[PDB]
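K.L.:
these are from a larger complex, still in place; more later:
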Amino acid sequence: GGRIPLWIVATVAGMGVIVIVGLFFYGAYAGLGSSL
Amino acid sequence: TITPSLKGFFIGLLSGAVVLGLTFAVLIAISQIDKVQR
Amino acid sequence: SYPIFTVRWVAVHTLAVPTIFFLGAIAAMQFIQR
């Protein structure tokens, strides 16, 4: 009902974006779109 | 006579009808089930 | 005593659902290579 502290949802969620964006940035250097 | 593009016209015409009809069917229903008290 | 399914529910899921689908296809794309 309010069992998860919200600060927790926010750090996991936040790290979740950080991960996926860093994927998208790693791929600018690898594979399609890298100039190589 | 009855050309391909005229066949297609009626396809588009009749599809727009479905979408509008179905859409307003749904909307009349919900307004009937969930009325405001008053 | 709230409802679960609302107009709101629908708008939210209209955007959320295909947002993740997309984020997964785009993820796969970083590994495509020529």
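P.N.:
Received it, and whenever you're ready, just let me know what you need. Numbers count the residues shown, from 1 in each chain, chains lettered A, B, ... in the order given.

K.L.:
so which bits of chain A are right by chain C?
P.N.:
Proximity of chain A to chain C, by Cβ under 8 Å from any Cβ of the partner chain, involves residues A:20, A:23-24, A:26-27, A:30-32. Using the backbone N, CA and C atoms, a C-beta is placed for each residue, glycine as well.

K.L.:
same question for chain B.
P.N.:
Residues of chain B lying near chain C (Cβ under 8 Å from any Cβ): none found.

K.L.:
for chain B, which segments count as helices?
P.N.:
B:4-33 (DSSP state H).

K.L.:
nearest to chain A: which residue in it?
P.N.:
Closest contact between chain B and chain A, by Cβ to the nearest Cβ, is at residue B:34 (26.0 Å).

K.L.:
what number of residues are in the vicinity of that residue?
P.N.:
7 (other Cβ atoms under 10 Å in any protein chain shown).

K.L.:
backbone phi and psi for it, please?
P.N.:
phi -120, psi 80 (degrees, to the nearest 10).

K.L.:
what's in contact with the helix or strand hosting residue A:22?
P.N.:
Assigned by DSSP states H and E, residue A:22 belongs to helix A:6-29. Helix A:6-29 is contacted from outside by A:33-34, C:23, C:26-27, C:29-31, using Cβ atoms under 8 Å, 6 or more residues apart in numbering or on different chains.

K.L.:
which one of the residues of chain A next to chain C is nearest chain C?
P.N.:
Among these, and counting by Cβ to the nearest Cβ, the member closest to chain C is residue A:27, at 3.2 Å.

K.L.:
put chain D onto that model:
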Amino acid sequence: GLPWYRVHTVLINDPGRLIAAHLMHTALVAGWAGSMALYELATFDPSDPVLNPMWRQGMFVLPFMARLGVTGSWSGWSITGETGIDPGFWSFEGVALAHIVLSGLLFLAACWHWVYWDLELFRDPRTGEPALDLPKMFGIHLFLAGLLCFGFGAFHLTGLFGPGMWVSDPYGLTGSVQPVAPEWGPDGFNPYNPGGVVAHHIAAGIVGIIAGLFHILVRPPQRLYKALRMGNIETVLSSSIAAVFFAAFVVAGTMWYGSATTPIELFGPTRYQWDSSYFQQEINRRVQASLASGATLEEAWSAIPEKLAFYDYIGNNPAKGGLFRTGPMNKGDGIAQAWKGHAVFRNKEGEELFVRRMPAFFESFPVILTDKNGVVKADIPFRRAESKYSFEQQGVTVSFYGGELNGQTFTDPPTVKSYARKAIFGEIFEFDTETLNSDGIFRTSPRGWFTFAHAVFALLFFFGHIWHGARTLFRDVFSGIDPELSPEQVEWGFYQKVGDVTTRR
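P.N.:
Putting chain D together with the chains above:
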């Protein structure tokens, strides 16, 4: 006091002075038509409808008089080139005089209505209050509009009782005012069919008579009267403006793309006729037909009417102008005088070579010659040092067939380059540049100027629709919101249905 931007609101509940202002506007508009026509007549040169038609001369209203059948001057000329005619009273000049007499009679009528504003006619007999029954007025005016739309189609356009309209062939060469029979089938909705214009007005004329009749006899539903504030003359202005901008977009587009009512002999060609080499295809069709039929080059080209070759020239493309380049097209490239002939380039091997034409987009364009296959074989180079396609190196020549230069060949590179530079404009003409002291820069056509104005005006009228529409629906708060609005009506959840206190919780 009234702010400046609200002075004319004094007419809102004064039907007579409203009629007086409307009469004065009408008087000024008829006045303008008359004066524009007289200025045009004072400046029109009718001696050459081939290379100096009205549309090169900056004529704006002439072509609308010609479009409905006024083609002649009391001076004896007509715009078709016939000399010796006699148009009766309904000459260009007589049309102009009419509109001025009209302007003057309208001006007096306005004086009378401004002074005698307090006509019993305008008073509601029950309450004594100024009151206009707009629903019935709509049906009356609509019914008149249908009679006129009907009669105009039924009599003027047929030639039944009137002159017809301007028609022409697909290449604008033999236009004239002719009666037109209606086209009742599906091809009457083809914009390029003039019989559909006849059918339209007869058919819509009856619909407007019938609907007119409906709108005089049947009262509006209570639901609609309330929703559209039909006691409020500003609702009629809101919807009336919306209609006018709907119609201004349409006449803008048919002018730009072209229809049966924007003929190219009155308004000039379209840009699209240049995009698609429309006149060039047809010219080539004729030179090949002349030739298969055993004509020489000189003969096949000499067989080309100048009027047709003058269409095949970017100077008459309406999309080569500029916003502050003013006046007629003749002020720019000059007054056309003669066709010089069709120019033919051959390299030193004898390949025929083709100057690549300038596109409407480009103020400036390079000189590049190609073979029938698209392979570049010559150009005018910018950097000379590594140049390999110069006219000098390739030995490009120009020979002329038809026109003033027919049968002449030039070989000295500067002259050849000279015609190459004009060749990118299409067909090559000799211009008079002293007479108007022409500055050599392309102007647009009346086709261009009319589209521009009506597309702009229409957009601006969209905002007038929005302003006066808002003012009808929100008249009750024009001066401000209710000073005793309370945060319960505006806070959330207080009412199940927004703005409706009967749904409190």
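
K.L.:
revisit the neighbour count of residue B:34 given that chain D is now included?
P.N.:
Residue B:34: 8 neighbours (other Cβ under 10 Å).

K.L.:
check residue D:225 too.
P.N.:
Neighbours of residue D:225 (other Cβ under 10 Å): 14.

K.L.:
burial of residue D:282, as a residue count?
P.N.:
Neighbours of residue D:282 (other Cβ under 10 Å): 15.

K.L.:
ok, the closest residue to it other than its chain neighbours to chain C distance?
P.N.:
Leaving aside its sequence neighbours, residue D:282 sits nearest to residue D:171 (Cβ to Cβ, 6 or more residues apart in numbering or on different chains; 5.9 Å). Going from residue D:171 to chain C by Cβ to the nearest Cβ, to the nearest Å gives 53 Å.

K.L.:
what about the residue of the stretch 51-200 of chain D found nearest chain A, how many residues nearby?
P.N.:
Nearest residue of the stretch 51-200 of chain D to chain A (Cβ to the nearest Cβ) works out as residue D:191 at 47.5 Å. For residue D:191, the neighbour count with other Cβ under 10 Å is 15.

K.L.:
ok, it to residue D:246 distance?
P.N.:
17 Å (Cβ to Cβ, to the nearest Å).

K.L.:
ok, residue D:417 - how many residues close by?
P.N.:
17.

K.L.:
so what's the residue count around the residue of chain B found nearest chain C?
P.N.:
Distances between chain B and chain C by Cβ to the nearest Cβ are smallest at residue B:30, namely 9.2 Å. Residue B:30 has 10 neighbours, counted by other Cβ under 10 Å.

K.L.:
OK, contacts around the residue in chain B that chain D sits nearest to?
P.N.:
For chain B and chain D, the shortest gap (Cβ to the nearest Cβ) falls at residue B:36, measuring 4.2 Å. Taking Cβ under 8 Å, 6+ apart, we find residue B:36 in contact with D:496-497, D:503.

K.L.:
build in chain E:
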Amino acid sequence: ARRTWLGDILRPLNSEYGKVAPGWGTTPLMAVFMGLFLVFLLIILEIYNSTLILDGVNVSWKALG
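P.N.:
Let me put chain E in with the others:
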């Protein structure tokens, strides 16, 4: 206010301010004509635009010959 011969004649045409039919009236019918006129404008637009193509409707200058 000023009476005039022509005013007395036109008098009944400006005589029914505020008169309405009850309730909804002819609105359902109006709506029909509206629906028709729209489809008819679609056809006209799509002919001009060349997404509707009809036999013997050659949408071009060449349709003046």
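
K.L.:
again for the neighbour count of residue D:191, chain E present now?
P.N.:
So residue D:191, with other Cβ under 10 Å, has 21 neighbours.

K.L.:
chain neighbours aside, what residue packs nearest to it?
P.N.:
Residue D:191 sits nearest to residue D:259 (Cβ to Cβ, 6+ apart), 3.9 Å away.

K.L.:
then residue E:7?
P.N.:
Using Cβ to Cβ, 6+ apart, the closest residue to residue E:7 is residue D:121 (3.9 Å).

K.L.:
where does that neighbour sit: helix, strand or coil?
P.N.:
Three-state assignment for residue D:121 (DSSP: H, G, I helix; E, B strand; the rest coil): helix.

K.L.:
tell me which residues of the helix holding residue A:22 are tucked away?
P.N.:
Of the residues in helix A:6-29, residue A:27 count as buried by neighbour count, 16 or more other Cβ atoms under 10 Å in any protein chain shown.

K.L.:
can I get it in PDB, CA atoms only?
P.N.:
Output of helix A:6-29 as PDB, limited to C-alpha atoms (Å, rounded to 0.1, in the frame of the first residue of the first chain):
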ATOM      1  CA  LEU A   6       9.700   6.100  -2.400                       C
ATOM      2  CA  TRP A   7      13.300   7.200  -2.300                       C
ATOM      3  CA  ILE A   8      14.100   3.600  -3.200                       C
ATOM      4  CA  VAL A   9      11.900   3.500  -6.300                       C
ATOM      5  CA  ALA A  10      13.700   6.700  -7.400                       C
ATOM      6  CA  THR A  11      17.200   5.500  -7.100                       C
ATOM      7  CA  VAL A  12      16.500   2.200  -9.000                       C
ATOM      8  CA  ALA A  13      14.400   4.000 -11.600                       C
ATOM      9  CA  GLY A  14      17.100   6.700 -11.900                       C
ATOM     10  CA  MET A  15      19.900   4.100 -12.300                       C
ATOM     11  CA  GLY A  16      17.600   2.500 -14.900                       C
ATOM     12  CA  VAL A  17      17.700   5.500 -17.200                       C
ATOM     13  CA  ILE A  18      21.400   6.000 -16.600                       C
ATOM     14  CA  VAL A  19      21.900   2.500 -17.900                       C
ATOM     15  CA  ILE A  20      19.800   2.700 -21.000                       C
ATOM     16  CA  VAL A  21      21.100   6.100 -22.000                       C
ATOM     17  CA  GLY A  22      24.700   4.900 -21.600                       C
ATOM     18  CA  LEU A  23      23.800   2.100 -23.900                       C
ATOM     19  CA  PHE A  24      22.600   4.600 -26.500                       C
ATOM     20  CA  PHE A  25      25.900   6.600 -26.100                       C
ATOM     21  CA  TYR A  26      28.200   3.500 -26.300                       C
ATOM     22  CA  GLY A  27      26.500   2.700 -29.600                       C
ATOM     23  CA  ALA A  28      27.400   6.000 -31.100                       C
ATOM     24  CA  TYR A  29      31.000   4.600 -30.900                       C
END
